[PDB]
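All Cβ positions, even for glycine, are placed from backbone atoms using ideal geometry, and neighbour counts span all protein chains on display. Values quoted throughout were computed directly from the atomic coordinates according to the rules given, and no laboratory measurement underlies them.
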Amino acid sequence: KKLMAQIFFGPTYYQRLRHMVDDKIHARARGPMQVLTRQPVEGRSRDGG
Amino acid sequence: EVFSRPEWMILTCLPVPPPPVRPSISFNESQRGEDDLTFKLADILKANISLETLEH
């Protein structure tokens, strides 16, 4: 069915930006701890909390 | 009188914090990695022996 509305449809130059979700997603449930503080480590890479 | 006599603001006997305060991050076998505090304490120690041998 026809939408009651008329849509502003046309080409537009879009850029793909450098932040992909699968490079950001992070979860931890117990993992590496700092030597000194005995607290969780920092960072996705380091398996941080 | 019990907890902070003014004379204790002056140090004569210095406590040495154990390794968990100044962890030796010891990587491999042929290598170690002493903490800043471990060096500064060795500096205190070095300076002290210098003084004690000098005055004696």
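Observations on the model:
- Range of Cα positions in chain A per principal axis (Å), largest first: 64, 25, 13
- Going from the fewest other Cβ atoms within 10 Å to the most, the residues B:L14, B:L45 appear in the order B:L14, B:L45.
- Across the range B:20-33, computed HN-Hα scalar couplings (Karplus, 6.51 cos²θ - 1.76 cosθ + 1.60, θ = phi - 60°) run x, 8, 10, x, 6, 6, 6, 7, 6, 9, 5, 9, 9, x Hz from first to last residue, x flagging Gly and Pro.
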